[PDB]
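Have a look at the structure below before the remarks.
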Amino acid sequence: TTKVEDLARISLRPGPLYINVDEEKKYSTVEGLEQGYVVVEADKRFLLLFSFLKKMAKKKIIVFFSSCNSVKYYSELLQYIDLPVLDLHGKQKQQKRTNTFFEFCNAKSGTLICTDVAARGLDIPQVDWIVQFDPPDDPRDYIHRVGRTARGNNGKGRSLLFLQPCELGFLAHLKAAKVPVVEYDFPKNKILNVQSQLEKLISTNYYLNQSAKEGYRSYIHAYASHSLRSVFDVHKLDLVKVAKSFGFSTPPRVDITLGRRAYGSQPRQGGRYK
Amino acid sequence: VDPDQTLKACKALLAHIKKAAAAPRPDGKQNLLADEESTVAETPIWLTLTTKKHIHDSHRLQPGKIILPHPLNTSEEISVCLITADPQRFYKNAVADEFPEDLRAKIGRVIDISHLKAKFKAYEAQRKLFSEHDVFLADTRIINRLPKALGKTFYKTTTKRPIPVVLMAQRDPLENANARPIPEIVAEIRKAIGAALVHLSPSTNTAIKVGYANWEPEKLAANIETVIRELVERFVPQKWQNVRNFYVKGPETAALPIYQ
């Protein structure tokens, strides 16, 4: 873009070296897509994920989180809650990263947790669902690229996105780009209320408490530094309810933020003010 | 009673529920947690006896077990609870070091009677317990005590009432717990889970669970015939003098009759 080269003229030396290994055949489909979404309250996001994964077992599942710390915490929790799920985060070996994905690409069933920035560098196989639990990093790349890869050539692959009630301006942005939507109903009886088991684990296990605190903070911190602030706003987030999903009864402390000039005054002209 | 016309109805009602479930719903919405096969399954059809006299002119509130040739609740997602009339730790240790592998999976929570009246007296807790499991057993030494403990939330409906299970020998709790030999326990638990259940109420209609809508119909036809013959000879008084219409009907469809 235009701003890009002005950054080059101020940072680079007069002689650069120009390299293009870009993919100029950007197959940004405009019409052959169908996006799914589920309106879920902030305090039953995980319970819907758990109920989704438990009943849609014996299938292929890929879940996108926003932070590697929340991937780490959800990996340890789901092993205690007894659901065998695969994981892909940055605290692992690079060798373990590849053997996890090669195991997943050749498997029949299974479920994989990774962050959205991990999948951008990775080759998504044929899967039955792509579920965006946390908000996507860049919504343009989610709808176009990840919607088409969820469709996945031949096999019927469906993509859904978790939306809070305070997030429905995404539907207006989806309506502006004219891309079809379907919303799923999810009756309240089929939610597996393991909230009591979850809070007993967090209040008693120390390692899960650290992972919950770091996953909760990284989720809020990624929410604050989001590009499209019209729909992903942290001041429209009830922080008590979002810590309920992580397993907390009291939401741990996090910094959500992270006319008349002087009379008789004149602009500075000299002095080594440091 | 005739078996063939019972079978051809059992074809027709079961085939209807696939047509009803697979039909889309007109407000443009789908269900995340309801597959087409999962709602073709998990929808029980049940036999509705109609009588002339009001059978058992009182509220029996204790189910009777009809041994079914092929069991009812032997799926993979069944949470079961065993309410025991003695130290909970003895049964907790019993179900952990024994109770094969399938029964170890289905045992969700074993709870003492004394621990039940302390932790589940309120009506949150006996509603949370109702929605968490699928079948509730009980020792025969506490079958009478459970109306007060698990009240209207467990005994207004006949879907989930505690099933009577005998767990005695033929008192200080820590010293002794009068129980059967442990293999005789786990064998008897198997009978209680997969048995069709009768519920005597001062009523003319009795609904008996016969199976789900994903079985094959001859399996069902052999199961309903055993339900028919067991219930008349054992439970309803004036065996064939008081007998009347016998309908089979699903939870969202009409009634298919057989007459006696």
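A note on labels: chains of the structure tokens are A, B, ... as shown, every chain counts residues from 1, and ligands are counted from 1 in their shown order.
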- Query: What residues in chain A have any atom no more than 7 Å from chain B when counting only C-alpha atoms, and can you write them as a PyMOL selection string?
  - Reply: chain A and resi 52+55+182-186+190
Using N, CA, C and O atoms, can you export the residues from the last selection as a compact mmCIF listing (two decimals), in the first residue's frame?
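The new file part.txt reads:
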# COMPACT_ATOMS: atom_id res chain seq x y z
N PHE A 52 -20.78 -29.15 22.27
CA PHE A 52 -20.54 -29.36 20.85
C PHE A 52 -19.55 -30.50 20.64
O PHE A 52 -19.81 -31.42 19.86
N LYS A 55 -20.81 -34.14 21.69
CA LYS A 55 -21.80 -34.79 20.85
C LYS A 55 -21.30 -34.92 19.41
O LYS A 55 -21.57 -35.92 18.75
N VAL A 182 -26.45 -18.42 8.41
CA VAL A 182 -27.43 -19.29 9.06
C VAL A 182 -27.09 -19.32 10.54
O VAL A 182 -25.92 -19.50 10.90
N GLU A 183 -28.08 -19.15 11.41
CA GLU A 183 -27.84 -19.22 12.84
C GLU A 183 -28.49 -20.46 13.42
O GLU A 183 -29.60 -20.84 13.04
N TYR A 184 -27.78 -21.11 14.34
CA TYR A 184 -28.21 -22.36 14.93
C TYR A 184 -28.92 -22.11 16.26
O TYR A 184 -28.61 -21.15 16.97
N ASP A 185 -29.86 -22.99 16.58
CA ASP A 185 -30.82 -22.75 17.66
C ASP A 185 -30.30 -23.14 19.03
O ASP A 185 -30.39 -22.34 19.97
N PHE A 186 -29.76 -24.36 19.17
CA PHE A 186 -29.17 -24.95 20.37
C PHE A 186 -30.09 -24.86 21.60
O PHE A 186 -30.16 -23.83 22.29
N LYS A 190 -29.73 -29.39 26.33
CA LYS A 190 -28.62 -30.22 25.92
C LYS A 190 -27.27 -29.66 26.34
O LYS A 190 -26.24 -30.27 26.02
- Query: Can you list, as JSON, numbers by chain, every protein, DNA or RNA residue that comes within 12 Å of residue 19 in chain B when you count only C-alpha atoms, leaving out same-chain residues fewer than 3 positions away?
  - Reply: {"B": [12, 13, 14, 15, 16, 22, 23, 24, 36, 37, 39, 40, 213, 253]}
Produce a file of the selected residues containing N, CA, C and O atoms, as a compact mmCIF listing (two decimals), in the first residue's frame.
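Okay, result31.txt is ready:
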# COMPACT_ATOMS: atom_id res chain seq x y z
N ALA B 12 -45.05 -48.80 10.72
CA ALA B 12 -45.65 -47.57 10.21
C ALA B 12 -45.36 -46.39 11.12
O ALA B 12 -45.03 -45.30 10.64
N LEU B 13 -45.49 -46.58 12.43
CA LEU B 13 -45.23 -45.49 13.36
C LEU B 13 -43.77 -45.10 13.35
O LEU B 13 -43.43 -43.91 13.33
N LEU B 14 -42.88 -46.09 13.34
CA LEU B 14 -41.45 -45.83 13.34
C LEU B 14 -41.01 -45.13 12.06
O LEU B 14 -40.19 -44.21 12.12
N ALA B 15 -41.57 -45.52 10.92
CA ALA B 15 -41.21 -44.87 9.66
C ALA B 15 -41.74 -43.45 9.61
O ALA B 15 -41.18 -42.60 8.91
N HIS B 16 -42.83 -43.17 10.32
CA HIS B 16 -43.37 -41.82 10.36
C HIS B 16 -42.41 -40.86 11.05
O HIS B 16 -42.25 -39.71 10.61
N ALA B 22 -36.89 -35.58 9.85
CA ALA B 22 -36.07 -35.11 8.74
C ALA B 22 -36.68 -33.91 8.04
O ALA B 22 -35.97 -33.22 7.30
N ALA B 23 -37.97 -33.65 8.25
CA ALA B 23 -38.59 -32.48 7.67
C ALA B 23 -38.01 -31.22 8.30
O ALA B 23 -37.89 -31.14 9.53
N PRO B 24 -37.63 -30.23 7.51
CA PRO B 24 -37.02 -29.02 8.06
C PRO B 24 -38.06 -28.18 8.79
O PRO B 24 -39.27 -28.37 8.66
N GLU B 36 -29.56 -35.29 12.73
CA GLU B 36 -30.76 -35.94 12.20
C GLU B 36 -30.89 -37.37 12.72
O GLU B 36 -31.98 -37.80 13.08
N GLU B 37 -29.78 -38.10 12.78
CA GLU B 37 -29.82 -39.45 13.34
C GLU B 37 -30.00 -39.39 14.85
O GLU B 37 -30.62 -40.29 15.43
N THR B 39 -31.76 -37.30 16.57
CA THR B 39 -33.16 -37.08 16.90
C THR B 39 -34.07 -38.13 16.28
O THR B 39 -35.21 -38.27 16.73
N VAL B 40 -33.61 -38.85 15.26
CA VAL B 40 -34.29 -40.07 14.86
C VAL B 40 -34.10 -41.13 15.94
O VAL B 40 -35.02 -41.87 16.28
N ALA B 213 -36.70 -45.11 18.63
CA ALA B 213 -37.12 -45.14 17.24
C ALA B 213 -35.96 -45.38 16.28
O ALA B 213 -36.08 -45.06 15.09
N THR B 253 -46.63 -37.86 18.09
CA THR B 253 -47.51 -38.39 17.06
C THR B 253 -48.74 -39.01 17.69
O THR B 253 -48.89 -39.05 18.92
Applying 9 Å and only C-alpha atoms, which residues near residue 69 in chain A remain after dropping the ones on its own chain fewer than 3 positions away? List them as a compact mmCIF listing (two decimals) with C-alpha atoms, in the first residue's frame.
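The result, written out as around.txt:
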# COMPACT_ATOMS: atom_id res chain seq x y z
CA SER A 66 -7.25 -16.07 20.18
CA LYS A 72 -2.72 -24.18 26.92
CA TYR A 73 -5.36 -23.88 29.63
CA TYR A 74 -8.13 -25.49 27.61
CA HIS A 89 0.37 -24.01 20.96
CA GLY A 90 3.68 -22.19 21.22
CA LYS A 91 4.86 -23.66 24.51
CA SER A 211 -3.54 -21.49 33.52
CA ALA A 212 -7.05 -20.08 34.00
CA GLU A 214 -3.31 -16.43 32.20
CA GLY A 215 -5.89 -17.63 29.69
CA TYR A 216 -8.47 -15.17 31.00
CA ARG A 217 -6.07 -12.23 30.85
CA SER A 218 -4.77 -13.09 27.38
CA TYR A 219 -8.36 -13.36 26.15
- If you run DSSP on this backbone, which residues of range 28-156 of chain B come out as helix (DSSP H, G or I), and could you give them as a VMD selection string? chain B and resid 36 to 40 88 to 97 102 to 106 113 to 119 125 to 132 146 to 149 152 to 155
Would you write out those residues with C-alpha atoms, as a CSV table (one decimal), in the first residue's frame?
chain,number,residue,atom,x,y,z
B,36,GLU,CA,-30.8,-35.9,12.2
B,37,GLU,CA,-29.8,-39.4,13.3
B,38,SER,CA,-29.6,-38.3,16.9
B,39,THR,CA,-33.2,-37.1,16.9
B,40,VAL,CA,-34.3,-40.1,14.9
B,88,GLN,CA,-21.1,-44.6,50.6
B,89,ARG,CA,-17.4,-45.4,50.8
B,90,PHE,CA,-18.0,-49.1,50.8
B,91,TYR,CA,-20.0,-48.9,47.5
B,92,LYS,CA,-17.5,-46.3,46.2
B,93,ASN,CA,-14.7,-48.8,46.7
B,94,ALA,CA,-16.8,-51.6,45.4
B,95,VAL,CA,-17.6,-49.9,42.1
B,96,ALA,CA,-13.9,-48.8,41.7
B,97,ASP,CA,-12.1,-52.1,42.2
B,102,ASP,CA,-19.2,-51.0,31.2
B,103,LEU,CA,-20.8,-50.7,34.6
B,104,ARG,CA,-17.8,-48.7,35.8
B,105,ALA,CA,-18.5,-46.3,32.9
B,106,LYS,CA,-22.2,-45.9,33.6
B,113,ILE,CA,-29.2,-41.7,51.9
B,114,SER,CA,-27.8,-39.7,54.7
B,115,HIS,CA,-25.6,-37.6,52.4
B,116,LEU,CA,-28.6,-37.2,50.1
B,117,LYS,CA,-30.8,-35.6,52.8
B,118,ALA,CA,-28.0,-33.2,53.7
B,119,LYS,CA,-26.9,-32.1,50.2
B,125,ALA,CA,-30.4,-29.5,44.1
B,126,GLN,CA,-33.0,-32.1,43.4
B,127,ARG,CA,-33.6,-30.4,40.1
B,128,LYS,CA,-29.9,-30.4,39.3
B,129,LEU,CA,-29.8,-34.1,40.1
B,130,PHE,CA,-32.8,-34.8,37.9
B,131,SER,CA,-31.2,-33.2,34.9
B,132,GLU,CA,-27.7,-34.6,35.4
B,146,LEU,CA,-37.0,-41.3,48.8
B,147,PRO,CA,-40.5,-39.6,48.5
B,148,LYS,CA,-39.5,-37.1,51.3
B,149,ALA,CA,-35.9,-36.8,50.1
B,152,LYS,CA,-42.1,-33.7,43.5
B,153,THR,CA,-39.2,-33.1,41.2
B,154,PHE,CA,-38.5,-36.9,41.2
B,155,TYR,CA,-42.0,-38.2,41.7
- Message: From a backbone DSSP assignment, name each residue in range 9-223 of chain B labelled strand (DSSP E or B), as a PyMOL selection string.
- Response: chain B and resi 30+44-55+64-66+80-84+107-112+135-139+163-165+196-198+203-212
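The residue that comes closest to residue 50 in chain B, out of B:138, B:181, B:257, B:72 and on the basis of only C-alpha atoms, is B:257.
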- Could you tell me which of B:111, B:231, B:66, B:47 comes closest to residue 191 in chain B if we count only C-alpha atoms? B:66
- Message: Ranking A:213, A:26, A:59, A:3 by minimum distance to residue 108 in chain A and counting only C-alpha atoms, which one comes first?
- Response: A:59
- Query: Quick one: residues within 12 Å of residue 174 in chain B, only C-alpha atoms counted, chain neighbours fewer than 2 positions away excluded, as a VMD selection string?
  - Reply: chain B and resid 86 to 90 171 to 172 176 to 178
- Query: How many Å separate CA of residue 79 in chain B from CA of residue 82 in chain A?
  - Reply: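 Separation of CA of residue 79 in chain B and CA of residue 82 in chain A: 14.8 Å.
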- Message: Which residues are near residue 202 in chain A? Cut-off 10 Å, only C-alpha atoms, ignore same chain within fewer than 5 positions. Put them as an MDAnalysis selection string.
- Response: chainID A and resid 77 197 207:213 246:249
- Message: Neighbouring residues of residue 236 in chain B were defined as those with any atom within 10 Å, considering only C-alpha atoms; residues of the same chain fewer than 5 positions away were excluded. Please report them as an MDAnalysis selection string.
- Response: chainID B and resid 51 53:56 200 230:231 241:243
Would you mind exporting N, CA and C atoms of the selected residues as a PDB file, in the first residue's frame?
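Writing the result to again_18.pdb gives the following:
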ATOM      1  N   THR B  51     -57.293 -49.179  30.444  1.00  0.00           N
ATOM      2  CA  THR B  51     -58.026 -50.149  31.244  1.00  0.00           C
ATOM      3  C   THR B  51     -59.488 -49.734  31.375  1.00  0.00           C
ATOM      4  N   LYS B  53     -61.167 -50.508  34.893  1.00  0.00           N
ATOM      5  CA  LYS B  53     -61.057 -50.115  36.287  1.00  0.00           C
ATOM      6  C   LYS B  53     -59.808 -49.265  36.476  1.00  0.00           C
ATOM      7  N   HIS B  54     -59.836 -48.408  37.487  1.00  0.00           N
ATOM      8  CA  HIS B  54     -58.635 -47.671  37.858  1.00  0.00           C
ATOM      9  C   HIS B  54     -57.723 -48.610  38.643  1.00  0.00           C
ATOM     10  N   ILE B  55     -56.596 -48.970  38.048  1.00  0.00           N
ATOM     11  CA  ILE B  55     -55.747 -50.021  38.596  1.00  0.00           C
ATOM     12  C   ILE B  55     -55.009 -49.500  39.816  1.00  0.00           C
ATOM     13  N   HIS B  56     -54.995 -50.310  40.880  1.00  0.00           N
ATOM     14  CA  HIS B  56     -54.223 -50.049  42.096  1.00  0.00           C
ATOM     15  C   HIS B  56     -54.612 -48.706  42.718  1.00  0.00           C
ATOM     16  N   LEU B 200     -47.858 -47.983  38.799  1.00  0.00           N
ATOM     17  CA  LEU B 200     -49.248 -48.136  39.195  1.00  0.00           C
ATOM     18  C   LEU B 200     -49.736 -46.830  39.801  1.00  0.00           C
ATOM     19  N   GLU B 230     -46.414 -59.892  30.044  1.00  0.00           N
ATOM     20  CA  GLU B 230     -45.980 -59.812  31.433  1.00  0.00           C
ATOM     21  C   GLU B 230     -46.920 -58.940  32.245  1.00  0.00           C
ATOM     22  N   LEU B 231     -47.411 -57.865  31.640  1.00  0.00           N
ATOM     23  CA  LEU B 231     -48.181 -56.878  32.381  1.00  0.00           C
ATOM     24  C   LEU B 231     -49.568 -57.396  32.730  1.00  0.00           C
ATOM     25  N   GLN B 241     -60.215 -59.737  32.264  1.00  0.00           N
ATOM     26  CA  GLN B 241     -61.553 -59.190  32.428  1.00  0.00           C
ATOM     27  C   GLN B 241     -61.525 -57.672  32.434  1.00  0.00           C
ATOM     28  N   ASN B 242     -60.470 -57.097  33.001  1.00  0.00           N
ATOM     29  CA  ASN B 242     -60.288 -55.657  33.101  1.00  0.00           C
ATOM     30  C   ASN B 242     -59.487 -55.086  31.943  1.00  0.00           C
ATOM     31  N   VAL B 243     -59.068 -55.919  30.991  1.00  0.00           N
ATOM     32  CA  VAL B 243     -58.191 -55.432  29.941  1.00  0.00           C
ATOM     33  C   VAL B 243     -59.015 -54.591  28.971  1.00  0.00           C
TER      34      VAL B 243
END
